[PDB]
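The structure file input-v3.tsv is reproduced below (TSV, C-alpha atoms).
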```
chain	number	residue	atom	x	y	z
A	26	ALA	CA	-117.47	-135.71	154.69
A	27	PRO	CA	-116.34	-138.71	152.58
A	28	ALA	CA	-119.76	-140.35	152.69
A	29	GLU	CA	-120.62	-142.91	150.01
A	30	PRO	CA	-124.25	-141.66	149.59
A	31	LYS	CA	-124.14	-138.23	147.98
A	32	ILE	CA	-127.24	-136.06	147.76
A	33	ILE	CA	-128.39	-135.35	144.22
A	34	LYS	CA	-130.63	-132.65	142.87
A	35	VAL	CA	-133.27	-133.69	140.37
A	36	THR	CA	-135.53	-131.24	138.54
A	37	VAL	CA	-139.08	-132.53	138.75
A	38	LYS	CA	-141.37	-131.19	136.04
A	39	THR	CA	-145.12	-131.36	136.55
A	40	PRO	CA	-148.26	-130.11	134.76
A	41	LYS	CA	-148.42	-127.41	137.41
A	42	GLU	CA	-144.77	-126.40	137.52
A	43	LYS	CA	-141.19	-127.60	138.00
A	44	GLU	CA	-139.33	-127.97	141.27
A	45	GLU	CA	-135.86	-129.29	142.08
A	46	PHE	CA	-135.59	-131.91	144.82
A	47	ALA	CA	-132.44	-132.97	146.67
A	48	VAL	CA	-132.19	-136.62	147.74
A	49	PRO	CA	-129.49	-139.29	148.30
A	50	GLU	CA	-128.01	-140.62	145.06
A	51	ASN	CA	-128.74	-144.07	146.44
A	52	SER	CA	-132.31	-143.18	147.29
A	53	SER	CA	-135.28	-145.13	145.94
A	54	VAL	CA	-138.06	-143.86	143.71
A	55	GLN	CA	-140.50	-144.33	146.57
A	56	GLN	CA	-138.46	-141.93	148.68
A	57	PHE	CA	-138.37	-139.42	145.84
A	58	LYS	CA	-142.12	-139.78	145.35
A	59	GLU	CA	-142.62	-139.00	149.00
A	60	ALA	CA	-140.61	-135.80	148.70
A	61	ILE	CA	-142.42	-134.73	145.55
A	62	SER	CA	-145.80	-135.64	146.99
A	63	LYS	CA	-145.12	-133.37	149.93
A	64	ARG	CA	-144.15	-130.37	147.80
A	65	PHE	CA	-147.07	-130.82	145.45
A	66	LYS	CA	-149.24	-132.20	148.26
A	67	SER	CA	-150.12	-135.02	145.88
A	68	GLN	CA	-150.21	-138.81	146.30
A	69	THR	CA	-147.53	-141.28	145.23
A	70	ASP	CA	-150.38	-143.35	143.78
A	71	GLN	CA	-151.52	-140.53	141.48
A	72	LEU	CA	-148.13	-139.16	140.49
A	73	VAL	CA	-145.80	-141.13	138.23
A	74	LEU	CA	-142.17	-140.37	137.41
A	75	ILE	CA	-140.76	-140.53	133.89
A	76	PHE	CA	-137.13	-140.81	132.80
A	77	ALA	CA	-134.93	-142.48	130.18
A	78	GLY	CA	-138.10	-142.87	128.14
A	79	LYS	CA	-139.53	-145.13	130.83
A	80	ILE	CA	-141.89	-144.65	133.75
A	81	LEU	CA	-140.18	-144.77	137.14
A	82	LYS	CA	-142.01	-146.41	140.04
A	83	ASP	CA	-141.29	-147.52	143.61
A	84	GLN	CA	-139.84	-150.76	142.25
A	85	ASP	CA	-137.26	-148.56	140.52
A	86	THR	CA	-134.22	-146.83	142.05
A	87	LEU	CA	-132.73	-143.42	141.38
A	88	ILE	CA	-129.18	-144.61	140.82
A	89	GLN	CA	-130.50	-147.75	139.22
A	90	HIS	CA	-131.87	-145.55	136.47
A	91	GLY	CA	-128.73	-143.43	136.41
A	92	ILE	CA	-130.46	-140.45	137.98
A	93	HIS	CA	-127.72	-138.31	139.53
A	94	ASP	CA	-127.32	-134.66	140.49
A	95	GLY	CA	-128.36	-132.11	137.87
A	96	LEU	CA	-130.90	-134.47	136.34
A	97	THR	CA	-134.32	-133.77	134.84
A	98	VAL	CA	-137.28	-136.00	135.72
A	99	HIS	CA	-140.78	-135.87	134.26
A	100	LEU	CA	-143.58	-136.05	136.80
A	101	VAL	CA	-147.02	-137.02	135.53
A	102	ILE	CA	-150.03	-136.72	137.84
A	103	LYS	CA	-153.18	-138.54	136.77
B	26	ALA	CA	-95.98	-142.54	172.89
B	27	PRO	CA	-98.97	-140.34	171.76
B	28	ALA	CA	-97.46	-137.42	173.67
B	29	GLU	CA	-95.28	-135.17	171.53
B	30	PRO	CA	-94.70	-135.85	167.78
B	31	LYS	CA	-93.37	-139.23	166.62
B	32	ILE	CA	-91.70	-140.64	163.52
B	33	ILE	CA	-93.67	-143.26	161.63
B	34	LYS	CA	-92.75	-145.60	158.80
B	35	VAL	CA	-95.27	-145.56	155.95
B	36	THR	CA	-95.09	-148.24	153.30
B	37	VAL	CA	-95.75	-146.80	149.87
B	38	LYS	CA	-96.72	-149.18	147.09
B	39	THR	CA	-96.01	-148.28	143.48
B	40	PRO	CA	-96.57	-150.07	140.12
B	41	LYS	CA	-92.80	-150.57	140.07
B	42	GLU	CA	-92.21	-151.46	143.72
B	43	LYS	CA	-92.93	-150.51	147.35
B	44	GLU	CA	-90.81	-148.68	149.86
B	45	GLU	CA	-90.96	-147.63	153.52
B	46	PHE	CA	-90.46	-143.97	154.43
B	47	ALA	CA	-89.84	-142.71	157.97
B	48	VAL	CA	-91.52	-139.38	158.72
B	49	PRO	CA	-93.29	-137.60	161.61
B	50	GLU	CA	-96.89	-138.70	162.13
B	51	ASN	CA	-97.67	-135.02	161.60
B	52	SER	CA	-96.41	-135.26	158.05
B	53	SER	CA	-98.77	-133.87	155.41
B	54	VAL	CA	-99.61	-135.56	152.14
B	55	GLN	CA	-97.67	-132.89	150.28
B	56	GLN	CA	-94.59	-133.57	152.37
B	57	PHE	CA	-95.03	-137.30	151.98
B	58	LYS	CA	-95.42	-137.00	148.22
B	59	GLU	CA	-92.20	-135.04	148.14
B	60	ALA	CA	-90.40	-137.79	150.05
B	61	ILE	CA	-91.72	-140.57	147.85
B	62	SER	CA	-91.15	-138.56	144.70
B	63	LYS	CA	-87.56	-138.06	145.72
B	64	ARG	CA	-86.85	-141.78	146.15
B	65	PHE	CA	-88.83	-142.77	143.08
B	66	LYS	CA	-87.56	-139.66	141.31
B	67	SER	CA	-91.12	-138.73	140.32
B	68	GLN	CA	-93.16	-135.53	140.52
B	69	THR	CA	-96.09	-134.62	142.75
B	70	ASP	CA	-97.77	-133.39	139.57
B	71	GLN	CA	-98.38	-137.02	138.63
B	72	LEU	CA	-98.03	-138.60	142.06
B	73	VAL	CA	-101.40	-139.67	143.47
B	74	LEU	CA	-101.86	-141.52	146.76
B	75	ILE	CA	-104.64	-143.99	147.53
B	76	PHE	CA	-106.00	-145.10	150.89
B	77	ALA	CA	-109.27	-145.99	152.62
B	78	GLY	CA	-110.71	-146.30	149.12
B	79	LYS	CA	-110.04	-142.63	148.50
B	80	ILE	CA	-107.28	-140.86	146.58
B	81	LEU	CA	-105.14	-138.89	149.01
B	82	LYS	CA	-103.92	-135.48	147.89
B	83	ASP	CA	-101.68	-132.70	149.19
B	84	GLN	CA	-104.88	-131.13	150.51
B	85	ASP	CA	-105.05	-133.87	153.15
B	86	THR	CA	-102.74	-135.03	155.95
B	87	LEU	CA	-101.27	-138.45	156.70
B	88	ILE	CA	-102.55	-138.51	160.27
B	89	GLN	CA	-105.79	-136.99	159.10
B	90	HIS	CA	-106.32	-140.12	157.06
B	91	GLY	CA	-105.10	-142.34	159.88
B	92	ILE	CA	-101.68	-142.97	158.39
B	93	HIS	CA	-99.25	-144.05	161.10
B	94	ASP	CA	-96.23	-146.29	161.65
B	95	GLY	CA	-96.66	-149.47	159.65
B	96	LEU	CA	-99.56	-148.10	157.60
B	97	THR	CA	-99.61	-148.85	153.88
B	98	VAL	CA	-100.37	-146.49	151.00
B	99	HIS	CA	-101.20	-147.04	147.34
B	100	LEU	CA	-99.09	-144.73	145.20
B	101	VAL	CA	-100.21	-144.18	141.62
B	102	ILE	CA	-98.22	-142.30	138.99
B	103	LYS	CA	-100.01	-140.68	136.06
C	196	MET	CA	-152.32	-153.09	104.51
C	197	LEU	CA	-151.06	-150.39	106.86
C	198	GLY	CA	-154.47	-150.18	108.50
C	199	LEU	CA	-154.77	-153.85	109.46
C	200	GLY	CA	-151.01	-154.19	109.82
C	201	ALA	CA	-149.62	-153.08	113.16
C	202	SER	CA	-153.26	-152.38	114.05
C	203	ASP	CA	-152.79	-149.01	112.37
C	204	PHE	CA	-150.64	-148.13	115.37
C	205	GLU	CA	-153.83	-147.15	117.18
C	206	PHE	CA	-152.13	-147.58	120.55
C	207	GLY	CA	-148.57	-148.08	119.29
C	208	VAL	CA	-148.02	-144.32	119.17
C	209	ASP	CA	-149.56	-142.79	122.30
C	210	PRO	CA	-148.96	-145.02	125.37
C	211	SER	CA	-152.15	-145.52	127.37
C	212	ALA	CA	-153.84	-143.54	124.61
C	213	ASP	CA	-152.23	-140.44	126.08
C	214	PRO	CA	-150.12	-138.47	123.53
C	215	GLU	CA	-148.85	-136.52	126.54
C	216	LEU	CA	-147.03	-139.57	127.83
C	217	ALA	CA	-145.32	-139.94	124.48
C	218	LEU	CA	-144.30	-136.30	124.60
C	219	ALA	CA	-143.07	-136.62	128.17
C	220	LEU	CA	-140.88	-139.56	127.22
C	221	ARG	CA	-139.63	-137.75	124.13
C	222	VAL	CA	-138.73	-134.75	126.22
C	223	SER	CA	-137.10	-137.02	128.79
C	224	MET	CA	-134.99	-138.58	126.07
C	225	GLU	CA	-134.12	-135.09	124.87
C	226	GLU	CA	-133.17	-134.04	128.40
C	227	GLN	CA	-130.73	-136.92	128.60
C	228	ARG	CA	-129.41	-135.95	125.20
C	229	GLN	CA	-128.80	-132.40	126.43
C	230	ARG	CA	-126.87	-133.71	129.42
C	231	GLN	CA	-125.03	-136.10	127.13
C	232	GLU	CA	-124.11	-133.20	124.86
C	233	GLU	CA	-122.67	-131.31	127.81
C	234	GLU	CA	-120.55	-134.30	128.76
C	235	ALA	CA	-119.62	-134.86	125.13
C	236	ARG	CA	-118.54	-131.26	124.74
C	237	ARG	CA	-116.89	-131.40	128.15
C	238	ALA	CA	-114.56	-134.17	127.02
C	239	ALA	CA	-113.88	-132.30	123.79
C	240	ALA	CA	-113.11	-129.12	125.71
C	241	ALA	CA	-110.77	-130.98	128.07
C	242	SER	CA	-109.17	-132.79	125.15
C	243	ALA	CA	-108.56	-129.50	123.37
C	244	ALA	CA	-106.79	-128.20	126.46
C	245	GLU	CA	-104.58	-131.29	126.50
C	246	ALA	CA	-103.74	-130.81	122.84
C	247	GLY	CA	-102.82	-127.17	123.44
C	248	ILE	CA	-100.63	-127.99	126.44
C	249	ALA	CA	-98.98	-130.90	124.62
C	250	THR	CA	-97.27	-130.80	121.23
C	251	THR	CA	-99.22	-130.82	117.96
C	252	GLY	CA	-98.94	-133.63	115.42
C	253	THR	CA	-100.79	-135.01	112.41
C	254	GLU	CA	-100.31	-138.71	113.17
C	255	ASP	CA	-103.99	-139.25	113.92
C	256	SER	CA	-104.23	-142.13	111.45
C	257	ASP	CA	-101.25	-143.87	113.02
C	258	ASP	CA	-102.78	-143.45	116.46
C	259	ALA	CA	-106.00	-145.08	115.32
C	260	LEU	CA	-104.05	-148.08	114.10
C	261	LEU	CA	-102.32	-148.39	117.46
C	262	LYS	CA	-105.65	-148.32	119.30
C	263	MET	CA	-107.07	-151.01	117.03
C	264	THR	CA	-103.97	-153.19	117.38
C	265	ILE	CA	-103.77	-152.79	121.15
C	266	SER	CA	-107.51	-153.22	121.52
C	267	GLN	CA	-107.45	-156.67	119.91
C	268	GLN	CA	-104.33	-157.66	121.84
C	269	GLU	CA	-105.82	-156.41	125.10
C	270	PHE	CA	-108.86	-158.63	124.67
C	271	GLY	CA	-106.77	-161.70	123.90
C	272	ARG	CA	-104.46	-160.86	126.80
C	273	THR	CA	-107.28	-159.78	129.10
C	274	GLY	CA	-106.01	-162.34	131.61
C	275	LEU	CA	-102.86	-160.23	131.94
C	276	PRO	CA	-103.91	-156.53	131.89
C	277	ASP	CA	-100.58	-154.71	132.01
C	278	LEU	CA	-100.75	-151.42	133.88
C	279	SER	CA	-98.75	-149.66	131.17
C	280	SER	CA	-101.21	-150.87	128.55
C	281	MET	CA	-104.16	-149.60	130.58
C	282	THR	CA	-104.81	-145.91	131.27
C	283	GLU	CA	-103.98	-144.14	134.52
C	284	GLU	CA	-107.66	-144.18	135.43
C	285	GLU	CA	-107.86	-147.93	134.88
C	286	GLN	CA	-104.79	-148.55	137.05
C	287	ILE	CA	-106.12	-146.21	139.71
C	288	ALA	CA	-109.51	-147.91	139.67
C	289	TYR	CA	-107.87	-151.29	140.12
C	290	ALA	CA	-106.08	-150.16	143.28
C	291	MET	CA	-109.29	-148.57	144.58
C	292	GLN	CA	-111.26	-151.75	144.00
C	293	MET	CA	-108.73	-153.75	145.99
C	294	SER	CA	-108.86	-151.19	148.80
C	295	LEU	CA	-112.58	-151.83	149.22
C	296	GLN	CA	-111.78	-155.56	149.24
C	297	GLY	CA	-113.89	-156.22	146.15
C	298	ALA	CA	-115.59	-152.92	145.33
C	299	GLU	CA	-118.96	-153.37	143.65
C	300	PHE	CA	-120.23	-156.77	142.53
C	301	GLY	CA	-117.69	-156.82	139.70
C	302	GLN	CA	-120.27	-158.49	137.46
C	303	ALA	CA	-122.74	-157.08	134.94
C	304	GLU	CA	-126.33	-158.29	134.63
C	305	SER	CA	-126.54	-160.88	137.40
C	306	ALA	CA	-127.87	-164.24	136.24
```
This entry written out as structure tokens:
Amino acid sequence: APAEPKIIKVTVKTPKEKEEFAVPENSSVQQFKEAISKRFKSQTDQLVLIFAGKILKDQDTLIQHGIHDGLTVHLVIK
Amino acid sequence: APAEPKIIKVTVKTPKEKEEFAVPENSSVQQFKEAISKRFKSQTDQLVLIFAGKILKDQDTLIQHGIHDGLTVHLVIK
Amino acid sequence: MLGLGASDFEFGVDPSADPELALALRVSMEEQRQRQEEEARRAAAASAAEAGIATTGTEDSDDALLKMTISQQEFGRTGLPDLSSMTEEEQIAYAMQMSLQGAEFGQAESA
């Protein structure tokens, strides 16, 4: 399976708990937000991702930020 | 032609030069490395093949990668 | 005065007036550091293995001089990057890039 897009697992930490999500390394933040929103049953408009000391939004990309497998993201709902 | 095994000539390219080796299309990477290493007098321990944008190893086969008669390969010595 | 100056960092300390955000970012930075440490120690561990397998010498100073001399020469002769001068990974990457017929953009910070 020599596919360019490799699924990566990112540990999402939230005020409620932490959960690891698996998504394509070339996935977008919006896609990741959708996955997280489902697990936490939250909204992508209320939850904000944090990484590299900067807030990650839909305009941002996972790989663009250097978020690969075995990474730790900070989810902030508010 | 497809019926029964068939000898193919693979063109190996090395940082020193390139050469064509005739071997059955059912030749494995390990066998191919041995053939190239013999002519170049190198070792499979440092012999690494490249093709399809992916480094070919003894764990793969020539035909498995699509290597046939007239196909080219990028040999890299460590 | 510190008070008037920098506006007493009233909002230059807790983004959006939320100290939590500052802590989240700090932790995030720390998380990256932890990962970086693993990679840093990984290279050291691998390097140690190479040293053990290979012979042992105390010509570290001489090696540093070679790297500095070759580094300056490499830049000047960037137009002609000899494979021998470059590392096996660099040579391998070059072949891989050609295989993809121009892998990646090949440029940093598009402008």
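When the distance limit is 12 Å and all atoms listed in the file are what count, the residues near segment 203-210 of chain C, minus those fewer than 3 positions from it on the same chain, are residues 78, 79 and 80 of chain A; 196, 197, 198, 199, 200, 213, 214, 215, 216, 217, 218, 219, 220 and 221 of chain C.
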### Message
Would you mind listing, as a PyMOL selection string, all residues of chain C that have at least one atom within 9 Å of chain B, where only C-alpha atoms are what counts?
### Response
chain C and resi 278+282-284+286-287+290-295
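One finds atom CA of residue 231 of chain C at 28.7 Å from atom CA of residue 257 of chain C.
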Over all C-alpha pairs taken in sequence order, what does chain B look like after a least-squares fit onto chain A? Please give it as a PDB file with C-alpha atoms, in the coordinates of the input.
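Just written: part.pdb:
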```pdb
ATOM      1  CA  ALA B  26    -117.243-137.436 146.704  1.00  0.00           C
ATOM      2  CA  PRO B  27    -118.376-140.992 145.641  1.00  0.00           C
ATOM      3  CA  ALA B  28    -117.282-142.287 149.044  1.00  0.00           C
ATOM      4  CA  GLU B  29    -120.084-142.398 151.599  1.00  0.00           C
ATOM      5  CA  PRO B  30    -123.675-141.283 150.747  1.00  0.00           C
ATOM      6  CA  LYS B  31    -124.323-137.808 149.317  1.00  0.00           C
ATOM      7  CA  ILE B  32    -127.283-135.465 148.952  1.00  0.00           C
ATOM      8  CA  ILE B  33    -128.355-134.699 145.405  1.00  0.00           C
ATOM      9  CA  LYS B  34    -130.774-132.173 143.956  1.00  0.00           C
ATOM     10  CA  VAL B  35    -133.222-133.702 141.477  1.00  0.00           C
ATOM     11  CA  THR B  36    -135.304-131.423 139.306  1.00  0.00           C
ATOM     12  CA  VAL B  37    -138.831-132.732 138.959  1.00  0.00           C
ATOM     13  CA  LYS B  38    -140.946-131.430 136.102  1.00  0.00           C
ATOM     14  CA  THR B  39    -144.723-131.418 136.381  1.00  0.00           C
ATOM     15  CA  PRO B  40    -147.570-130.251 134.070  1.00  0.00           C
ATOM     16  CA  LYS B  41    -148.016-127.379 136.523  1.00  0.00           C
ATOM     17  CA  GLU B  42    -144.372-126.541 137.218  1.00  0.00           C
ATOM     18  CA  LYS B  43    -140.932-127.943 138.111  1.00  0.00           C
ATOM     19  CA  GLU B  44    -139.124-128.056 141.407  1.00  0.00           C
ATOM     20  CA  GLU B  45    -135.749-129.158 142.792  1.00  0.00           C
ATOM     21  CA  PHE B  46    -135.639-131.615 145.694  1.00  0.00           C
ATOM     22  CA  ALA B  47    -132.522-132.357 147.753  1.00  0.00           C
ATOM     23  CA  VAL B  48    -132.217-136.001 148.800  1.00  0.00           C
ATOM     24  CA  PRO B  49    -129.520-138.675 149.279  1.00  0.00           C
ATOM     25  CA  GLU B  50    -128.329-140.267 146.041  1.00  0.00           C
ATOM     26  CA  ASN B  51    -129.455-143.502 147.686  1.00  0.00           C
ATOM     27  CA  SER B  52    -133.025-142.277 147.660  1.00  0.00           C
ATOM     28  CA  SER B  53    -135.551-144.721 146.205  1.00  0.00           C
ATOM     29  CA  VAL B  54    -138.293-143.820 143.771  1.00  0.00           C
ATOM     30  CA  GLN B  55    -140.873-144.420 146.480  1.00  0.00           C
ATOM     31  CA  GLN B  56    -139.113-141.997 148.793  1.00  0.00           C
ATOM     32  CA  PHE B  57    -138.713-139.478 146.009  1.00  0.00           C
ATOM     33  CA  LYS B  58    -142.375-139.737 145.061  1.00  0.00           C
ATOM     34  CA  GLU B  59    -143.255-139.065 148.666  1.00  0.00           C
ATOM     35  CA  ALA B  60    -141.101-135.932 148.677  1.00  0.00           C
ATOM     36  CA  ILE B  61    -142.529-134.598 145.438  1.00  0.00           C
ATOM     37  CA  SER B  62    -146.056-135.535 146.424  1.00  0.00           C
ATOM     38  CA  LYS B  63    -145.632-133.593 149.622  1.00  0.00           C
ATOM     39  CA  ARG B  64    -144.586-130.369 147.878  1.00  0.00           C
ATOM     40  CA  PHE B  65    -147.120-130.758 145.093  1.00  0.00           C
ATOM     41  CA  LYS B  66    -149.610-132.135 147.607  1.00  0.00           C
ATOM     42  CA  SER B  67    -150.285-135.128 145.348  1.00  0.00           C
ATOM     43  CA  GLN B  68    -150.443-138.881 145.923  1.00  0.00           C
ATOM     44  CA  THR B  69    -148.067-141.633 144.843  1.00  0.00           C
ATOM     45  CA  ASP B  70    -151.176-143.475 143.667  1.00  0.00           C
ATOM     46  CA  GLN B  71    -151.308-141.111 140.696  1.00  0.00           C
ATOM     47  CA  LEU B  72    -147.713-139.903 140.725  1.00  0.00           C
ATOM     48  CA  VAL B  73    -145.693-141.418 137.877  1.00  0.00           C
ATOM     49  CA  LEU B  74    -142.075-140.536 137.105  1.00  0.00           C
ATOM     50  CA  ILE B  75    -140.484-140.577 133.657  1.00  0.00           C
ATOM     51  CA  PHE B  76    -136.824-140.848 132.707  1.00  0.00           C
ATOM     52  CA  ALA B  77    -134.541-142.451 130.120  1.00  0.00           C
ATOM     53  CA  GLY B  78    -137.695-142.964 128.068  1.00  0.00           C
ATOM     54  CA  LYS B  79    -139.096-145.226 130.756  1.00  0.00           C
ATOM     55  CA  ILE B  80    -141.668-144.607 133.484  1.00  0.00           C
ATOM     56  CA  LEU B  81    -139.967-144.807 136.865  1.00  0.00           C
ATOM     57  CA  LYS B  82    -141.876-146.480 139.681  1.00  0.00           C
ATOM     58  CA  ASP B  83    -141.444-147.151 143.395  1.00  0.00           C
ATOM     59  CA  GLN B  84    -140.045-150.521 142.331  1.00  0.00           C
ATOM     60  CA  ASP B  85    -136.925-148.744 141.060  1.00  0.00           C
ATOM     61  CA  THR B  86    -134.281-146.514 142.660  1.00  0.00           C
ATOM     62  CA  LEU B  87    -133.083-143.031 141.740  1.00  0.00           C
ATOM     63  CA  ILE B  88    -129.432-144.046 141.565  1.00  0.00           C
ATOM     64  CA  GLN B  89    -130.439-147.257 139.876  1.00  0.00           C
ATOM     65  CA  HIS B  90    -131.747-145.148 137.033  1.00  0.00           C
ATOM     66  CA  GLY B  91    -128.736-142.849 137.159  1.00  0.00           C
ATOM     67  CA  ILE B  92    -130.511-140.026 138.945  1.00  0.00           C
ATOM     68  CA  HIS B  93    -127.985-137.771 140.665  1.00  0.00           C
ATOM     69  CA  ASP B  94    -127.413-134.131 141.593  1.00  0.00           C
ATOM     70  CA  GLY B  95    -128.686-131.921 138.802  1.00  0.00           C
ATOM     71  CA  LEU B  96    -130.564-134.742 137.069  1.00  0.00           C
ATOM     72  CA  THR B  97    -134.029-133.994 135.714  1.00  0.00           C
ATOM     73  CA  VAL B  98    -137.186-136.089 136.003  1.00  0.00           C
ATOM     74  CA  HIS B  99    -140.529-136.010 134.213  1.00  0.00           C
ATOM     75  CA  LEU B 100    -143.334-136.212 136.755  1.00  0.00           C
ATOM     76  CA  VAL B 101    -146.774-137.151 135.469  1.00  0.00           C
ATOM     77  CA  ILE B 102    -149.956-137.082 137.538  1.00  0.00           C
ATOM     78  CA  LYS B 103    -152.884-139.303 136.584  1.00  0.00           C
TER      79      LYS B 103
END
```
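With all atoms listed in the file as the basis for measurement, A:29 is the residue among A:50, A:29, A:83, A:45 that approaches chain B most closely.
The coordinates place atom CA of residue 97 of chain A at 11.0 Å from atom CA of residue 228 of chain C.
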#### Entry: 12 Å contacts from chain A to chain B using all atoms listed in the file, as an NGL selection string
:A and (26-29)
Write a file of the just-selected residues containing C-alpha atoms, as a compact mmCIF listing (two decimals), in the coordinates of the input.
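Heads up, here's the output in result20.txt:
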```txt
# COMPACT_ATOMS: atom_id res chain seq x y z
CA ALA A 26 -117.47 -135.71 154.69
CA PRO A 27 -116.34 -138.71 152.58
CA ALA A 28 -119.76 -140.35 152.69
CA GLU A 29 -120.62 -142.91 150.01
```
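Atom CA of residue 297 of chain C is found 26.8 Å from atom CA of residue 34 of chain B.
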### Task
Please tell me which residues are no farther than 9 Å from (-87.5, -146.2, 155.9) in the file, counting only C-alpha atoms, and write them as number ranges by chain.
B: 33-36, 44-48
